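Please read the structure below before turning to the comments.
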Amino acid sequence: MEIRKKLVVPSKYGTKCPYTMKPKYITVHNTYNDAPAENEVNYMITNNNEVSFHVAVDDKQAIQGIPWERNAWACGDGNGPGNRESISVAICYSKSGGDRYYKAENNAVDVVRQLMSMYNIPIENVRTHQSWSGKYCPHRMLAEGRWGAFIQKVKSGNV
Amino acid sequence: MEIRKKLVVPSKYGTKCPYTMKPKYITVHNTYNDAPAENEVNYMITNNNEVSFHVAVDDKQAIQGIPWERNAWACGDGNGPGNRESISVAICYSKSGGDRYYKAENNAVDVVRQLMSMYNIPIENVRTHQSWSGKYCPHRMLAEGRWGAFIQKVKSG
Amino acid sequence: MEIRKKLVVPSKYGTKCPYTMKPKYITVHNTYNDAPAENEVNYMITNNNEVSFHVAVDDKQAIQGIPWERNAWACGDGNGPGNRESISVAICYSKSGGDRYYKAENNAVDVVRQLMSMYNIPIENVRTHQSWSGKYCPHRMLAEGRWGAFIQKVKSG
Ligand SMILES: [Zn+2]
Ligand SMILES: [Zn+2]
Ligand SMILES: [Zn+2]
C-alpha cells in the first residue's frame, strides 16, 4: 500500500530524530490507543517530547512521520541498536482491538515487507519492541500470541 | 486481612494517579527495602515524584495509598497496560528477606485474592513487574524462584 | 591477565561510585562500540555523566576504572541490586565484532573468574545487563547466542 508522507519539520530533528541511520532492523509496536494513524502521527510531530516512531498504520492507511534513515526514539533502549538501527512501525487501534485493529495489523504486514525490500532487511531482523528493552509491546500481539503468524505472513505470504 | 486506607490527597492526583482505571491485572512487586508498609506508603503519598503503587504489604499489615480505580506509576511501562490497567501490590522487607518478608509475602497472597474477587481478575492476570518492563522485580521472588508457589497459594489459600 | 587501575579520581565517586558496595553479582555488558578498553575506561572516567562500569576488556588488556567495592551505574535498574550490588564488566568491539571482539570476550572470561574467586560470587550470580533491566545487552552475545557458552568457559578455563 502507498505510505503517506507527513514528516516532522527539519527544525525539530534535534528532538525527534537527531541522528542519521542505516536501517538494519524493523521494530513492530502497538500504540495501545484507539486513534487513527493521522492523529497518532500528527501528535508525534507536534509535541516537544523526545518520543517518536517512523510510521503509523491503521485499518485504512500508513503515514510516515520520520525519514526512514534517521533514528526515532521508540524502543526505549537509549542509543542501543533498537533506537539507533531499527525503523519503528506502530499499529493503531490496539487498545480496544476489534476489526479496526486486525485490519491495521494486516496493513502493517504490507509496510514491513516494503521496508524489508527497500533496505534489504532480513526476516530475522524484524523485531518486537519488547526484544530491545523488555517493555510489553506490541501488547495485543503478545497477549493474543499473534507474532509468529504475523512473521510468517511477512516472510512468505503473497499479500 | 483488613487493608487499611492511607490514601494520597486529591490535589496530588495529577502526579500520583492522574487516570481513572478499570482493573484488569494485578502486578506484584518487591520494595527492595526493609521498611514497614506504613513507611513505604507515607513516603509514597507525600513526596512529589510521579512514582506510586496501590498497596504496600508487610509482616503485620496492608496499607493502600492509591484508589483501586485510578492508575499508579509502578510498572515503568509508561502508558502501557501495566501502569494503566493493573493494581500494584508491593511486598516489604524484601531487601533482607527473612521471616518478616515471608510473612509479608503470605499476607500478600490474601491481599491479591481480595483484589481478584473484587474486580474479577483471573489468576492468569496476576503478573510480575518484570513482565511489563523487564525490571528485575519482584527481585527476591524471582531470585529464590517463589513465583510458582505464590500463584498456587493465590489460587487456593 | 592483569587489570590496570585507571580508576576515576575519588572526587568523581559521587557520580560514578557514590555508594559503598558489597559485591554479590557480576554483570556482563557489550560496549556497542569499536573502541579499545583503554579509551572506553579513559572516557567513562573523564565525563561527569551518571553512567559508569567497573572494568572494560578488549583483545589486548583489561582496565578498571571503578573500585570493585563501590557501586557503578550501568545496569539501568535505578537503585536496584543490579546497580547497587553487581560489578559491571564491559566487553569492547561488539559493534563491528570480528577477531578483536571474540578475543576480547575470551579475555573477559578471565576477568570474570578473577572477580568470582576474589569476591566469592557463584557462577549463577553472573548475569547479563538484560536480566536486570530488560535492555538488549550484551547485544552481540545475545544476537549470536554466545552467552550459554560464555558461562561455561567461566566455569572451566
Ligand atoms: Zn512499542
Ligand atoms: Zn516493581
Ligand atoms: Zn549493558
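Chains: A, B, ... in order of the C-alpha cells. Residues: from 1 per chain. Ligands: from 1, in order shown.
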Q | Neighbourhood of ligand 3 at 9 Å, counting only C-alpha atoms and all ligand atoms, reported as a PyMOL selection string | A | chain C and resi 27-32+53+74-76+88-90+128-130+135-139
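Inspection of the environment of ligand 1, which uses only C-alpha atoms and all ligand atoms and a cut-off of 7 Å, identifies the neighbouring residues as residues 28, 29, 30, 31, 74, 75, 129, 137 and 138 of chain A.
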Output of the above residues as a PDB file, in the first residue's frame, restricted to C-alpha atoms:
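This is the output file again-v9.pdb:
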```pdb
ATOM      1  CA  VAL A  28       6.891  -3.506  15.419  1.00  0.00           C
ATOM      2  CA  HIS A  29       4.796  -1.693  18.029  1.00  0.00           C
ATOM      3  CA  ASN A  30       1.142  -1.288  19.107  1.00  0.00           C
ATOM      4  CA  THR A  31       0.102   2.243  20.139  1.00  0.00           C
ATOM      5  CA  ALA A  74      10.577   4.454  20.390  1.00  0.00           C
ATOM      6  CA  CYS A  75      12.487   1.379  21.546  1.00  0.00           C
ATOM      7  CA  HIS A 129       9.710  -3.540  20.881  1.00  0.00           C
ATOM      8  CA  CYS A 137       4.900  -4.140  23.288  1.00  0.00           C
ATOM      9  CA  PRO A 138       3.137  -4.959  20.958  1.00  0.00           C
TER      10      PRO A 138
END
```
Q. Could you name the residues that touch residue 12 of chain A at 10 Å or less, counting only C-alpha atoms, but leaving out those on the same chain fewer than 3 positions away, as a list in words?
A.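 Residues meeting the cut-off are residues 8, 9, 15, 16, 17, 18, 45, 46, 47, 48 and 50 of chain A.
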Q | Who sits within 12 Å of residue 97 of chain A, only C-alpha atoms, same chain under 5 positions skipped, as a VMD selection string | A | chain A and resid 30 to 35 58 to 59 91 to 92 102 to 105 139 to 141 143 to 144
Resulting file, chosen residues, N, CA and C atoms, as a CSV table (one decimal), in the first residue's frame:
```csv
chain,number,residue,atom,x,y,z
A,30,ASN,N,2.6,-1.4,19.0
A,30,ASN,CA,1.1,-1.3,19.1
A,30,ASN,C,1.1,0.0,19.9
A,31,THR,N,0.3,0.9,19.5
A,31,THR,CA,0.1,2.2,20.1
A,31,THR,C,-0.6,2.2,21.5
A,32,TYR,N,-1.3,1.1,21.7
A,32,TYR,CA,-2.0,0.9,23.0
A,32,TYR,C,-3.0,2.1,23.0
A,33,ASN,N,-3.6,2.4,21.9
A,33,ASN,CA,-4.6,3.5,21.8
A,33,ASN,C,-5.6,3.2,20.7
A,34,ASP,N,-6.6,4.1,20.6
A,34,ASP,CA,-7.6,3.8,19.6
A,34,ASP,C,-7.8,5.1,18.7
A,35,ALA,N,-6.7,5.7,18.3
A,35,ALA,CA,-6.7,6.8,17.4
A,35,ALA,C,-6.2,6.5,16.0
A,58,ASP,N,-3.0,2.2,10.3
A,58,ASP,CA,-4.3,1.9,10.8
A,58,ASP,C,-5.1,1.0,9.8
A,59,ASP,N,-6.4,0.8,10.1
A,59,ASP,CA,-7.1,0.0,9.1
A,59,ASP,C,-7.2,0.5,7.7
A,91,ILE,N,1.3,0.0,15.0
A,91,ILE,CA,-0.1,-0.4,14.6
A,91,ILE,C,-1.1,0.3,15.5
A,92,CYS,N,-2.1,1.0,14.9
A,92,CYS,CA,-3.2,1.7,15.6
A,92,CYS,C,-4.3,0.8,16.0
A,102,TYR,N,-7.2,-5.5,13.7
A,102,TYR,CA,-6.8,-6.6,12.9
A,102,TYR,C,-6.6,-6.2,11.4
A,103,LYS,N,-7.3,-5.2,11.0
A,103,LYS,CA,-7.2,-4.7,9.7
A,103,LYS,C,-5.9,-3.9,9.6
A,104,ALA,N,-5.6,-3.1,10.6
A,104,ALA,CA,-4.4,-2.4,10.7
A,104,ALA,C,-3.2,-3.3,10.8
A,105,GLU,N,-3.4,-4.4,11.5
A,105,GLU,CA,-2.2,-5.4,11.6
A,105,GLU,C,-1.9,-5.9,10.2
A,139,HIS,N,1.7,-5.1,22.9
A,139,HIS,CA,0.9,-5.8,23.9
A,139,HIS,C,-0.2,-6.7,23.3
A,140,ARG,N,-1.0,-6.2,22.5
A,140,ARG,CA,-2.1,-7.1,21.9
A,140,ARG,C,-1.5,-8.3,21.1
A,141,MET,N,-0.5,-8.1,20.3
A,141,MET,CA,0.0,-9.2,19.5
A,141,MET,C,0.6,-10.2,20.4
A,143,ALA,N,-0.2,-10.7,23.9
A,143,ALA,CA,-1.2,-11.3,24.7
A,143,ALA,C,-2.0,-12.3,23.9
A,144,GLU,N,-2.3,-12.0,22.6
A,144,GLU,CA,-3.0,-12.9,21.7
A,144,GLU,C,-2.2,-13.9,21.0
```
Q: as an MDAnalysis selection string, please: all residues of segment 31-132 of chain C that backbone DSSP puts in helix (DSSP H, G or I).
A: chainID C and resid 37:46 81:85 99:119 123:125 129:132
Q. Could you list, as a PyMOL selection string, every residue of chain B that has an atom within 10 Å of an atom of chain A, counting only C-alpha atoms?
A. chain B and resi 75-82+130-135
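In this structure, atom CA of residue 58 of chain B sits 5.1 Å away from atom CA of residue 92 of chain B.
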(Q) Measuring between only C-alpha atoms, which one of B:142, B:44, B:149, B:1 shows the shortest distance to chain C? (A)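 For chain C, the nearest of the given residues is B:142.
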